[PDB]
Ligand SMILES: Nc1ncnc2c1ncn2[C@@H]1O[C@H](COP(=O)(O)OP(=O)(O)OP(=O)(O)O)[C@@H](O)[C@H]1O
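The chain that follows stands alone, in the form deposited without ligand ATP, written as structure tokens.
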């Protein structure tokens, strides 16, 4: 049993031109790219994405920072939702562990390069929000026998 998580490179990842490095970290574990799309995030979609924060004082500033180019991604793998969260590291980069994306690339939570789903429920919701069903691609990795038990 594999699962799928929603990962999104934020505008700072695009603008600092580290998209390839981010993708490589997930490919390195044999996670499969099931979907990928460059878009420019808009306030209306971001308000849905961040619905859990509705009415909170920091939400307007969060939406402003995210209004820009983003790379929407779906990666598939064993326990990938929780594992991708571990790979990203703490929301605050100063607290994140060395070897994680936020620790290795970033300084502050408001520019922390990447978003990943926090749960199976949120991954399903986020994938549906950002991707159309036909944009999720089903194929098998050739090295599957050497990646999976």
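Positions refer to the first chain, counted from 1.
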Greater mean Cα temperature factor according to the PDB record, 23-31 or 36-44: 36-44
Mean temperature factor over C-alpha atoms, higher-scoring stretch between 51-59 and 81-89: 51-59
From 106, 114, 70, 120, residue of greatest CA B-factor: 120
Chain-relative CA temperature factor third for residue 128: highest
Chain third (lowest, middle, highest) by recorded CA B-factor, residue given as residue 66: highest
Position of residue 1 among the chain's modelled residues by C-alpha B-factor, lowest, middle or highest third: highest
Residue 138 - Cα temperature factor, lowest/middle/highest third of chain: highest
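Keep in mind that the form deposited with ligand ATP bound is not shown, yet the notes after this line are about it.
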All of 23, 25 and 86 within 4.5 Å of ligand ATP in the entry with it bound, heavy atom check: no
Ligand ATP: the contacting residue among 123, 80, 70, 114 in the entry with it bound [heavy atom, 4.5 Å]: 114
Heavy atom within 4.5 Å of ligand ATP in the entry with it bound - the one residue of 103, 36, 45, 109 that qualifies: 109
Proximity of residue 41 to ligand ATP in the entry with it bound, heavy atoms at 4.5 Å: no
4.5 angstroms heavy atom contact with ligand ATP in the entry with it bound for residue 54: no
Residue contact check: residue 119 to ligand ATP in the entry with it bound, 4.5 Å heavy atom: no
Interface residues of 7-46 toward ligand ATP, as seen in the entry with it bound [heavy atoms, 4.5 Å]: 10
